[PDB]
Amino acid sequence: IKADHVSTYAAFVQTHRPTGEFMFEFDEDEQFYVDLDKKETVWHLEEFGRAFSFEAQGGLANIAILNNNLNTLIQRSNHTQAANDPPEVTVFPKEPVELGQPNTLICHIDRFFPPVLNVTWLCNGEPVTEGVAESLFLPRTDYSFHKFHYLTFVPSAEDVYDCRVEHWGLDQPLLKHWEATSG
């Protein structure tokens, strides 16, 4: 379809966690989502929250409708469960790597299904469990998913990082290696 811009409400439900997600994207960037537990709208950028508002009830109402149609489609499909599509993992920095200058390592997990995932940052083999940001399970036009994980770090020559990814389509955990000299 010819389009200058594409604005999409995307939502899904499933048996395993996360059981529901409701978000809106503009030109493939998540602009806001409805936190289903807090029952409130979360804006990706603060400027969006100052300019816009969205009734969180609209997202909860559509999630319930999605759960209704899920039960109906489970029975109609004769309990058809789709195959596991394993994820593609890439790790790269946000900024040019300068030793001593704060940076953000990005782990991008792509083309996977179902949206069930464990991701862990390893710094010199040790998990980083705090101060780590992550995106929603982001939709793709082929109805698989992708996702971003973020790690603040200071580059140094001796350090080694790993994005450890677990998915049902993988025989073993997937480890994408990265270091300051990685191209």
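Residue numbers here begin at 1 and follow the sequence given.
- Mean CA temperature factor is higher for 169 to 177 when stretches 169 to 177 and 8 to 16 are set side by side in the entry.
- For the two regions 90 to 98 and 69 to 77, the entry's Cα B-factors average higher over 69 to 77.
- The PDB entry gives the largest Cα B-factor of the residues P114, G131, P139, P127 to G131.
- Residue set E158, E46, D35, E30: peak C-alpha B-factor at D35 (per PDB entry).
- In the PDB entry, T152 places in the lowest third of its chain by CA B-factor.
- Ranked against the other modelled residues of its chain, the C-alpha B-factor of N118 as given in the entry falls in the middle third.
- When the modelled residues of the chain are ordered by C-alpha B-factor, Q57 sits in the highest third.
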